[PDB]
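[1] sharing an experimental structure here, sequence included.
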Amino acid sequence: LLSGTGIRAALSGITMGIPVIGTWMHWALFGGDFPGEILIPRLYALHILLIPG
Amino acid sequence: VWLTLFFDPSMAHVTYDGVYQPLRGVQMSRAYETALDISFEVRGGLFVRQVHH
Amino acid sequence: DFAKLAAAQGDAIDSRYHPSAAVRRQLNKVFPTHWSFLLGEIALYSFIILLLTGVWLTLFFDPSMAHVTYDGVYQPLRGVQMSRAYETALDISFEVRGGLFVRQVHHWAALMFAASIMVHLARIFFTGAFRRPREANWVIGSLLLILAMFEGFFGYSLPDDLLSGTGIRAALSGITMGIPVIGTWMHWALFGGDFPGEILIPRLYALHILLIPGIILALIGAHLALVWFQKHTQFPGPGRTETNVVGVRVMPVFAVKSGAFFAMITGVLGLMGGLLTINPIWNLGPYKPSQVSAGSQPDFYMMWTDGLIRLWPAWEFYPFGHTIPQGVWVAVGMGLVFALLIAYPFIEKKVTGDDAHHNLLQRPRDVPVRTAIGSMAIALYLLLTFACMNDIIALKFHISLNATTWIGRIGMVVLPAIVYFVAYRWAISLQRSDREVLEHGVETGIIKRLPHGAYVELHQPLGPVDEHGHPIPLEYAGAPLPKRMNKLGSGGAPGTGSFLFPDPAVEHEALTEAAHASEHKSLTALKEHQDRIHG
Amino acid sequence: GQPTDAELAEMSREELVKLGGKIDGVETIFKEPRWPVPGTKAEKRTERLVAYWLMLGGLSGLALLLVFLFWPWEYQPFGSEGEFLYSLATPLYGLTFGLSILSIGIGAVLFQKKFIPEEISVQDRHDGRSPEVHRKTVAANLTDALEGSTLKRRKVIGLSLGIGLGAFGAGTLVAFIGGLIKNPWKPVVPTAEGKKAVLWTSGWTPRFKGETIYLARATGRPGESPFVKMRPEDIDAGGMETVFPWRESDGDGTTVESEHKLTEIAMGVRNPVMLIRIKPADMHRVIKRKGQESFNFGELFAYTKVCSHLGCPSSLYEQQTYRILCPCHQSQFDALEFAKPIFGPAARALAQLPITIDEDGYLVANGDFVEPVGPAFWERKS
Amino acid sequence: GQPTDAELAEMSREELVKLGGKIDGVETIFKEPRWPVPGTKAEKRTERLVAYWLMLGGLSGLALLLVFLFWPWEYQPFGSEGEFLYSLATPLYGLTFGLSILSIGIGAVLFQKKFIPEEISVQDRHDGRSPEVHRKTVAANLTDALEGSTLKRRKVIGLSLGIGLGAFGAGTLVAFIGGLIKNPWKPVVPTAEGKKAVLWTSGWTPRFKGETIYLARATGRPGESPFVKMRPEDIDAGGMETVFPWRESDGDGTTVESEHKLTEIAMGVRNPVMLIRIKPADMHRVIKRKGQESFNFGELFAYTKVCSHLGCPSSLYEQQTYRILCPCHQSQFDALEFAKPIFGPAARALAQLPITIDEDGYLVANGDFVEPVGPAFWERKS
Ligand SMILES: CC(C)=CCC/C(C)=C/CC/C(C)=C/CC/C(C)=C/CC/C(C)=C/CC/C(C)=C/CC/C(C)=C/CC/C(C)=C/CC/C(C)=C/CC1=C(C)C(=O)c2ccccc2C1=O
Ligand SMILES: CC(C)=CCC/C(C)=C/CC/C(C)=C/CC/C(C)=C/CC/C(C)=C\CC/C(C)=C/CC/C(C)=C/CC/C(C)=C/CC/C(C)=C/CC1=C(C)C(=O)c2ccccc2C1=O
Ligand SMILES: CC(C)=CCC/C(C)=C\CC/C(C)=C/CC/C(C)=C/CC/C(C)=C/CC/C(C)=C/CC/C(C)=C/CC/C(C)=C/CC/C(C)=C\CC1=C(C)C(=O)c2ccccc2C1=O
Ligand SMILES: CCCCCCCCCCCCCCCC(=O)O[C@H](COC(=O)CCCCCCC[C@@H](C)CCCCCCCCC)COP(=O)(O)O[C@H]1[C@H](O)[C@H](O)[C@H](O)[C@@H](O)[C@@H]1O
Ligand SMILES: CCCCCCCCCCCCCCCC(=O)O[C@H](COC(=O)CCCCCCC[C@@H](C)CCCCCCCCC)COP(=O)(O)O[C@H]1[C@H](O)[C@H](O)[C@H](O)[C@@H](O)[C@@H]1O
Ligand SMILES: CCCCCCCCCCCCCCCC(=O)O[C@H](COC(=O)CCCCCCC[C@@H](C)CCCCCCCCC)COP(=O)(O)O[C@H]1[C@H](O)[C@H](O)[C@H](O)[C@@H](O)[C@@H]1O
Ligand SMILES: CCCCCCCC/C=C\CCCCCCCC(=O)OC[C@H](COP(=O)(O)OCCN)OC(=O)CCCCCCCCCCCCCCC
Ligand code: HEM
Ligand code: FES
Ligand code: FES
């Protein structure tokens, strides 16, 4: 609840508010609307392999 | 590494049916379910995730 | 002013840091230019492509057994219960632009990675590149091969599929439960419960994208660092000795050709990912314990383990109130295989007595017993692989399935012996051919003697010729000998104009004598260096 | 034998390169250009050749970008216009990409082999046994570090540090691995005889005494009523059907309480069974196992599908030979006799389910397997 | 100034260490032992102190091992015998582990600070501008590699290689990122006015003209009948209830077909709404928005919970102040007026759902939001 609310605030709202490409970045990160079924798997990849690498 | 050995990233909805009684039969994602499993149904998992954070 | 920018950047780099000497050493490092020394680079490049494609795959893959009905685009699988892993693999295949291509090139890169590791292992083993200076390199490379095999296993097991799931059920679950004292405990620890435990694929995903790739990357770093600093070994040759490296410097030639080779390997793998279908999971329904298929094979790098499972003759022992199934036999067999592979250089040196610092490679013909043993091992591995494939071999090539199984069973002790004997004798006969060339010169066309009707092949000596016709035999120096005047200075000057039209005679002559001068200059430089080393 | 304090200024590029080789132990012999003769048109032809290869690589890369962005990608149902384009979509991506990078690589190789000068540089290899100065100095440094530290003189510290590190490593490794370690023999699965371990129990284990477990056939219906009760008449001589342990409580999959019981039934490793109808003519060749003589209901024999060797389903039933073949490792079990392995890696017979007919004539299990049904393991045959 | 060809044999450990320092540019000054005087008992006390710290580390590591292996771990429901043991199970793991390794570290630090000799070694720093020999030789090597390669003379190769690499790079990067890129304005969500974009459509958007979308209250019942129709009488003045867009077709969660529609309703980002019963006394302070004047049903006002700024729910409600507060970033909206932000980051009023009562009095949305309801984005206000 806490961390998902934080995600909804930052990752979704800030990303989707960006003028020229905001919604395009949001949909490409979330595989669609905010609760897209790939967000956590993507973050898991980013967090265990990509960013730590 | 230890946490990845037990964490399951997914939004696939599941009813807990685990050990933590205050959250039983509540729709939750597999990510939350396996985080709860690390906390409760894995020995030292709560300690490992706490020291990780 | 790109030249000024480059000069200023170099000065800034050499002021902030002082990499002049180190970078000069790296650029001046000499690498032998033998083709067989690119076999390891093939594996390295396939590994790099694997990393790059795996990152893309992880951006779209969801590991979980969480049951879901597809409800995707692929009509033949709609409303069927499947794991989220299979569902997201199908999503990569169909519902992501180029995801099918990315996963296919990833799997093809995995296959090429295993194959090139095997070819590199063959190269080093047969050439004796594992001797005193580099047994540690051999050992870490063997660990690398084992890790590559198991990571490929986990990789094609990641998308829960019928084929990969039944392969997992057989190998992992069965052979783990088989192990006598701790088998069931290992099974429960790995799967977190019974076989279909709901943590298997997440655990394999972690092991496959982070843990095993991390270990492989560290071991590849150690491998490349060792090759870099224990200067690369080389074959015996004109100016090549145990205390020098004859080849090309890193910067001008070796770097360019290695980068180009990496480009071409990437191109081959991309072409395969495009034109050849690899693991079409959509044809393979989601894993269910009841559904099966006739094929049921693993990737070729685990096909030998599967063939061992198939061929080993159902020998089970039943101690007091217990069972020792046939899986433990194969487990011990794999243990023995890996142990012997890792410990060969030490076994080799214990057997032979060689404790000398070896920097010149051995020709596989020049080392018969090792060549024979390597041939025997490759024959056993091929027999095991084709035994695993015996199902499809029996199906297509009309041979009884029992006949193929028993062919494998008998041949796994017969074919190794036949291949050992044949390879030993073949190596000795290659040596005999080399000495025939050394003592008689290269062979050519026949001529009929003037006075009488004798026929003489009109050989070509490779060394100083005695006062009479026969030449002074040369001493073998461990380097290949030219057995065709083809490859010597004979018949090699076609008109240098073009494919369809000639060039002016002045241009042709200039070019041809320039090439003659250059090649004789190279030969003279090598000859002078060889004479200088001892003389 | 001097570092060239001021001669470097007038040293030419070739002299400086030779000096660098000398310093690094590298002697460049026969570094010669590929085209010593100037103005020849063979040089121009080779130039154009490598240029053509690089331009083919670039055109193929542009083709990759154009096809990727603009091509009928996206799965197309069977037998629909656009299926051909979809089928050769991914091949076109791979073809363009691979051809582009392969052509770039070929151009680079041709440039190296035709334009970059040819050298036979020979590097002095200083392998093995660093000079005695370096060896003895390293040894002195390490030994001075060890002895000066006064270790190997504080016996109490030497032993206490060892004990501490060993105990900490023991505790840490045990705490790392105890999360994974689980007891395979913890009684968890409920049964008429109390909770039992998972390996002993399958979907055919009666949860309560006298429970009815129908040999439900698994219709391929996507989700609803996946398992439906079964009758002996449905099978005919020389027929095999995969059945599952269905309970009246495990009704159709319409509800959410159901469709999890049904999913568990489907995903049970030891659940699936094959019901085979032995021909009446061949019923006289049947040889029965101890304690399994009455298991068969007339000419119906129920054998676990899970192969006795590593647990793959043994689905390949051959009639007129009565051989249950496993595809994973090609093991045949003689169905006529108790399903004993007569070929292949398997050495134990398939577990035979006791079957009968309940009221209304539906096939039900007349008990549970008298032996563990999956593949064998250490704690077995006792 | 010689490499000591044979002097190393008789050079002592101190001399060899000094030689190594000299070679590496390191002069070790005042490398003095901590206990020059032998036999003193202060030395013995310090020895025993470091030994005690290491032994405490070892005892705590053994404690970690024993506690991990044998302690009443596992969750205990509540107020249960063993709950106290469970509550300090994990704290004991951490205490033992941390104390063990911390004591080992303290012992090591004390050994370094009390027994290892004290040195003030000074290293010669050769930073910056490698000697001119090295600089000029590297420059010569690189320039020879560049010029000898004959590049920057084959303009056709120079340009063709650049074009090929650039085209390949662009094909590859576009083909990498293109899988991820999705049009946020692809009409996918069905609606009475044809398929519309996800951002335009929410769970309150009528799928077909005249559809009934009840303001169903989300009872906390675990799974079955999670959403239940609602009536105006249920709320009382100064009451707030979170409601969702429930359709008759989206029946209770008993079926598998249901419990997916219901899960979609629950997980809809723009679905949840807050129904507020404005106190009749304060009903005269209400100001109404353009086109939202008839949206309220008597004293019932339905405002989207999703905050207009970054989309967190604005679930906090203050009655007698009529302020809808958002916890994420402390933005208040005046519910009395149209829910316009009167504090905090939010700058757009919360979307107001038209509401009414159908037959039987159940509350139903009288339409859809006249504006997009989630947080704002580039394509908005038109
Ligand atoms: C464990 C074990 C090896 C058991 C024995 C089974 C076995 C491999 C028997 C041999 C198979 C053969 C060669 C059958 C032909 C009949 C026969 C035995 C003739 C006598 C053999 C003999 C001494 C001939 C003298 C001349 C000679 C050497 C002939 C060899 C002819 C052949 C077939 C050469 C190629 C070898 C070969 C490819 C054998 C099949 C092996 C495999 C694994 C093929 C895999 C494969 C298959 C199975 C496809 O279906 C397929 C479909 C579409 C694209 C690709 C493939 C593909 O790669
Ligand atoms: C006689 C003589 C002179 C000898 C010379 C002496 C000698 C040996 C010198 C060399 C010294 C050595 C080897 C030192 C150690 C080197 C070393 C390990 C350095 C660390 C490497 C490093 C940085 C990280 C660790 C990487 C790593 C995993 C290394 C080990 C690689 C190996 C050997 C893996 C073997 C895996 C394996 C099959 C273990 C058996 C356990 C079992 C039975 C598990 C169950 C099981 C599983 C789990 C399957 O998946 C499976 C799949 C398909 C078929 C069957 C099975 C199966 O049975
Ligand atoms: C639909 C879709 C997503 C499609 C894309 C598919 C996908 C997901 C990923 C693949 C896409 C990509 C990014 C492909 C291109 C990959 C790539 C970077 C290719 C480079 C090759 C290339 C373009 C060459 C151009 C020709 C040219 C001018 C070459 C000379 C200049 C170059 C590029 C030199 C590169 C040198 C090189 C390979 C360095 C590798 C660095 C590493 C890891 C090790 C270096 C190294 C090597 C290479 C040794 O051989 C070696 C041998 C013995 C001891 C030590 C070493 C050692 O340290
Ligand atoms: C990982 C992803 C990376 C991104 C890659 C992909 C990005 C692709 C973006 C291009 C795709 C096409 C844009 C679609 C969407 C679009 O952008 O809107 C257009 C906008 O053009 C305009 O007029 C705007 C200019 C006029 C105002 C002047 C404004 C100056 C501003 C920009 C200055 C502030 C910049 C400050 C930067 C701050 C940075 C913060 C860190 C007009 O609408 P339209 O193209 O017809 O699209 C319709 C939808 O508007 C319609 O709601 C829908 O119903 C559909 O019909 C749809 O087709
Ligand atoms: C030198 C160390 C000496 C200690 C030896 C340790 C081995 C003896 C274990 C003693 C504890 C057993 C009795 C009480 C405990 C008991 O009954 O548990 C059993 C399982 O024992 C456990 O607890 C965890 C076992 C501990 C892992 C030991 C790792 C291997 C060691 C021996 C190697 C490292 C030592 C250093 C040497 C190597 C140096 C490196 C060179 C079964 O579990 P179960 O009833 O199914 O419940 C499950 C819960 O355990 C489970 O943690 C939980 O996660 C669940 O999954 C749950 O289902
Ligand atoms: C220099 C390169 C010049 C090319 C510029 C490329 C940008 C223009 C795109 C042209 C194609 C647009 C028309 C046809 C295509 C169309 O309508 O698709 C659209 C989305 O366009 C796409 O296809 C993928 C966009 C391509 C990614 C470009 C990456 C950024 C580039 C510009 C930077 C790299 C270039 C090198 C420069 C940097 C050098 C490094 C220093 C919307 O997708 P949608 O309708 O929702 O369906 C979804 C499917 O696309 C989706 O792939 C699929 O995965 C689904 O998720 C699906 O829902
Ligand atoms: C697919 C194929 C299977 C895979 C094959 C790979 C495994 C390694 C291959 C072969 C190992 C056996 C080699 C043959 C060993 C020779 C026996 C002998 O009699 O020893 C004579 C020697 C010469 O002595 P010499 O002064 O040159 O005088 C000339 C006297 N006639 O003595 C010695 O130093 C050595 C004495 C003992 C050496 C022990 C070697 C084995 C160690 C255990 C490792 C596992 C072995 C697995 C075997 C498969
Ligand atoms: C290092 C050697 C590696 C090998 C031999 C290997 C092998 C494989 C193979 C054969 C597959 C099957 C692909 C398919 O069935 O379509 C696979 C899948 C996969 N690989 Fe790896 N891989 C390696 C490295 C990596 C790395 C580094 C990553 C992550 C960065 C990765 C991520 C994945 C993912 C996510 C999948 C599942 C995708 C799918 O199911 O299509 N792999 N791997
Ligand atoms: S898995 Fe069935 S016989 Fe081996
Ligand atoms: S999320 Fe509501 S005020 Fe920011």
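    Perfect, thanks for sending it. Residues are numbered from 1 along each chain as shown, chains lettered A, B, ... in the order given. Ligands and ions are numbered 1, 2, ... in the order given.

[2] okay, CA-based contacts and neighbour counts for the rest of this
    Noted.

[3] which residues does stretch A:38-53 contact?
    A:29-31, B:4, B:9-11, B:31, C:55, C:58-63, C:209-210 (Cα atoms under 8 Å, 6 or more residues apart in numbering or on different chains).

[4] for residue 50, give me phi and psi.
    Here I'm looking at chain A. phi -70, psi -60 (degrees, to the nearest 10).

[5] and it, how many neighbours?
    Neighbour count for residue A:50, taken as other Cα atoms under 10 Å in any protein chain shown: 15.

[6] middle-most residue in chain D, spatially?
    Centroid-nearest residue in chain D, with Cα atoms, centre = their mean: residue D:328, separated by 14.2 Å.

[7] my guess is it contacts residue D:312. True?
    Yes: counting by Cα atoms under 8 Å, residue D:328 touches residue D:312, with 6.3 Å between them.

[8] quick one, what contacts residue D:90?
    Shown in contact with residue D:90 (Cα under 8 Å, 6+ apart): C:98, C:100, C:101, C:274, D:73.

[9] try it again at 7 Å.
    Residues in contact with residue D:90, defined by Cα atoms under 7 Å, 6 or more residues apart in numbering or on different chains, are C:98, C:100, C:101, C:274.

[10] out of those residues, who's nearest residue E:157?
    Nearest to residue E:157 among the contacts of residue D:90: residue C:274, at 28.6 Å, using Cα to Cα.

[11] ranges for the strands of the chain?
    No chain specified, so I'll use chain A. With DSSP state E, there are no strands along chain A.

[12] try again with chain D
    Under DSSP E, chain D gives strands at D:26-27, D:122-124, D:214-218, D:227-228, D:240-246, D:273-277, D:300-304, D:316-318, D:323-326, D:331-334, D:340-343, D:352-353, D:355-357, D:363-365.

[13] what does the stretch 201-350 of chain D have sitting close to ligand 2?
    Neighbours of ligand 2 within the stretch 201-350 of chain D, by Cα under 6 Å from any ligand atom: none found.

[14] what about the one residue in the stretch 151-300 of chain D that gets nearest to ligand 6, how many neighbours?
    The nearest approach of the stretch 151-300 of chain D to ligand 6 comes at residue D:222, 26.3 Å away (Cα to the nearest ligand atom). Burial of residue D:222 is recorded as 14 neighbouring residues (other Cα under 10 Å).

[15] residue D:2 too?
    Neighbour number of residue D:2 under other Cα under 10 Å is 4.

[16] need phi/psi at it.
    phi -130, psi 150.

[17] which residues does it contact?
    So residue D:2 contacts nothing (Cα under 7 Å, 6+ apart).

[18] likewise for residue A:29?
    Counted by Cα under 7 Å, 6+ apart, residue A:29 has zero contacts.

[19] can you give me the distance of it to residue E:177?
    11 Å (Cα to Cα, to the nearest Å).

[20] do the same with residue D:7
    54 Å.

[21] now do residue D:311
    For residue D:311 relative to residue E:177 (Cα to Cα), the value is 43 Å.

[22] these two - which one has more neighbours?
    The residue with more neighbours, out of residue D:311 and residue E:177, is residue D:311; 26 against 13, by other Cα under 10 Å.

[23] who touches the more buried one in this structure?
    C:169, C:170, C:174, D:374, D:375.

[24] and with 10 Å instead?
    C:166, C:169-171, C:173-175, C:289, D:269-270, D:305, D:326, D:328, D:346, D:373-376 (Cα atoms under 10 Å, 6 or more residues apart in numbering or on different chains).

[25] isn't residue D:273 right up against residue D:351?
    Yes: look at residue D:273 against residue D:351 with Cα atoms under 10 Å: they come within range, at 9.4 Å.

[26] shared neighbours, the two?
    Common neighbours of residue D:273 and residue D:351 (Cα under 10 Å, 6+ apart) are D:302, D:303, D:304, D:305, D:306.

[27] so how many other residues sit close to residue A:53?
    By other Cα under 10 Å, neighbour count at residue A:53 equals 9.

[28] when residue D:273 and residue D:351 are compared, which one has more neighbours?
    residue D:273 (28 against 25).

[29] what residue, apart from its backbone neighbours, is nearest the more buried one spatially?
    Excluding the flanking residues, the one nearest residue D:273 by Cα to Cα, 6 or more residues apart in numbering or on different chains is residue D:304, at 4.3 Å.

[30] then residue D:259?
    residue D:253 (4.2 Å).

[31] then residue D:295?
    That would be residue D:354: by Cα to Cα, 6+ apart, it lies 4.1 Å from residue D:295.

[32] could you do residue A:22 as well?
    Here the residue nearest residue A:22, using Cα to Cα, 6+ apart, is residue A:16, at 4.3 Å.

[33] that neighbour contacts residue E:375, doesn't it?
    Yes: at 8.3 Å, residue A:16 counts as touching residue E:375 under the criterion of Cα under 10 Å.

[34] common neighbours of these two, please.
    With Cα under 10 Å, 6+ apart, residue A:16 and residue E:375 have common neighbours residue E:310.

[35] number of nearby residues for whichever residue of the stretch 251-382 of chain D sits closest to chain E?
    Here the stretch 251-382 of chain D gets closest to chain E at one residue, residue D:255, 4.1 Å apart by Cα to the nearest Cα. When neighbours are counted by other Cα under 10 Å, residue D:255 registers 17.

[36] wait, it touches residue E:223, no?
    No: judged on Cα under 10 Å, residue D:255 makes no contact with residue E:223 at a distance of 11.6 Å.

[37] now do the phi/psi pair for residue 36.
    Here I'm looking at chain A. Taking degrees, to the nearest 10, you get phi -40, psi 140 for the backbone angles of residue A:36.

[38] nope, chain D
    phi -60, psi -40.

[39] residue contacts, it?
    Residue D:36 neighbours (Cα under 10 Å, 6+ apart): C:510, C:511, C:514, C:515, C:518.

[40] hmm, the longest helix along chain D in reach of ligand 3?
    Longest helix in chain D by number of residues (criterion: DSSP state H): helix D:41-69. No: Helix D:41-69 stays clear of ligand 3 (Cα under 6 Å from any ligand atom), getting no nearer than 7.9 Å.

[41] buried sites along that helix?
    D:42-43, D:47, D:49-68 (16 or more other Cα atoms under 10 Å in any protein chain shown).

[42] setting aside sequence neighbours, what's the nearest residue to the closest residue to chain E within the stretch 101-250 of chain D?
    Across the stretch 101-250 of chain D, the shortest distance to chain E (Cα to the nearest Cα) belongs to residue D:164, at 3.6 Å. Excluding the flanking residues, the one nearest residue D:164 by Cα to Cα, 6+ apart is residue E:58, at 3.6 Å.

[43] for the one you found, what are its contacts?
    D:160-169, D:171, E:52, E:64, E:99-101, E:103-104.

[44] for the spatially closest residue to residue D:129 that is not a sequence neighbour, give its distance to residue E:133.
    Distances taken as Cα to Cα, 6+ apart place residue D:135 nearest to residue D:129, at 7.8 Å, with adjacent residues excluded. Note on residue D:135: its distance to residue E:133, by Cα to Cα, is 28 Å.

[45] all set, thanks.
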